[PDB]
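Enquirer: Sharing a structure with you now.
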Amino acid sequence: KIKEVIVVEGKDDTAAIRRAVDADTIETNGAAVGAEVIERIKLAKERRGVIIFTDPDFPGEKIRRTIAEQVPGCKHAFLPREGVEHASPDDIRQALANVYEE
């Protein structure tokens, strides 16, 4: 239902996201993003756009950085300051409500 595909690290992130919103996701399987995942993310960005939604720790920002610099034009969702896998439904909604679109 959410237009953009949401890029996350793994299944616990997807599950947590689908407990709050209806969204299609792409899972990176850790911080090692192979080009096969990139080409999925690429197709998704041009057909529907992509929201990157990873943790605010060192692994998660490294994942976010790696993708964004290979796929320009991704949007970014950030957990409210108060991991995605354990994020409350309201945290997920807030994260997605506040995506900047530029």
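Naming works like this for the structure tokens: A, B, ... for the chains as they're shown, residue 1 at the start of each chain, ligands 1 onward in shown order.
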Using only C-alpha atoms, determine which residues lie at most 7 Å from range 47-58 of chain A, disregarding the query and same-chain residues fewer than 6 positions distant; provide the list as a count of residues only.

Expert: 15

Enquirer: For range 13-15 of chain A, list every protein, DNA or RNA residue within 6 Å, evaluated using only C-alpha atoms, and leave out those in the same chain fewer than 3 positions away; present the list as a ChimeraX atom specification.

Expert: /A:10,18,84-85

Enquirer: Between A:17, A:2, A:38, A:97, which one has atoms that come closest to residue 68 in chain A, using only C-alpha atoms?

Expert: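 Checking each candidate against residue 68 in chain A, we get A:38 as the closest.
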
Enquirer: Which one of A:89, A:99, A:40, A:59 sits closest to residue 71 in chain A if you count only C-alpha atoms?

Expert: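 Result for the nearest residue to residue 71 in chain A: A:40.
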
Enquirer: Could you pull out the residues in range 5-102 of chain A that DSSP calls helix (DSSP H, G or I) from the backbone, as a count of residues only?

Expert: 46

Enquirer: My list of candidates is A:30, A:72, A:80, A:60. Which is closest to residue 94 in chain A when distances are computed with only C-alpha atoms?

Expert: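 Smallest distance to residue 94 in chain A is found for A:80.
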
Enquirer: In terms of the shortest atom-to-atom distance over only C-alpha atoms, which of A:32, A:12, A:101, A:90 is closest to residue 65 in chain A?

Expert: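 Between A:32, A:12, A:101, A:90, the residue approaching residue 65 in chain A most closely is A:32.
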
Enquirer: Separation of CA of residue 100 in chain A and CA of residue 86 in chain A, in Å?

Expert: 22.9 Å

Enquirer: Running DSSP on the backbone, which parts of chain A land in strand (DSSP E), as a ChimeraX atom specification?

Expert: /A:5-8,25-27,50-52,75-76

Enquirer: Which one of A:79, A:66, A:20, A:95 sits closest to residue 33 in chain A if you count only C-alpha atoms?

Expert: A:66
